[PDB]
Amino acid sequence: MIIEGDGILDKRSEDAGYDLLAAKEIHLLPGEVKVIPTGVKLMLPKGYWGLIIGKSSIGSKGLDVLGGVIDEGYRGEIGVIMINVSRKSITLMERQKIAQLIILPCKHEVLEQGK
């Protein structure tokens, strides 16, 4: 698929998702929620959407990545919503792996008001 930017890595066939990288250094205060920039834009294959989810690597550092949805239509740059649930400040280095992007099929149906 087509991408723009360099904050995303190719993956192995047996891997489920692509690693997302922080576009710059980030400092998270205790309890802070922050949208982390990746600097990448994607062109998803029709019929699919991207699920953003945490990597165990950073989850073990006290940072919870909130579930993200990348729509087939979405052409903006990808940001990862992250919260620091620990009691101290945490720093993320530039280009550090922060999340995983997984491409899943999406089903579209019309809504009928029935019983």
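The term rigid core refers to the most C-alpha atoms you can superpose between the two forms while keeping them within 1.5 Å. For every residue, the number given is its place in the sequence shown, counted from 1.
- Taken in 7 other deposited structures of this protein and fitted on the core, 16 to 24 and 103 to 111 differ in how far their Cα atoms move from the shown form, and the one that moves more is 103 to 111.
- Greater average departure of CA atoms from the shown form, over structures and residues in 7 other deposited structures of this protein after a core fit, characterises 83 to 91 among 70 to 78 and 83 to 91.
- Per the PDB record, of the two stretches 82 to 90 and 67 to 75, 67 to 75 carries the greater mean B-factor over its C-alpha atoms.
- Of the two stretches examined, 8 to 16 and 96 to 104, the record assigns the greater average C-alpha temperature factor to 8 to 16.
- Between the residues 54, 31, 37, 45, the entry's highest C-alpha temperature factor is the one at 45.
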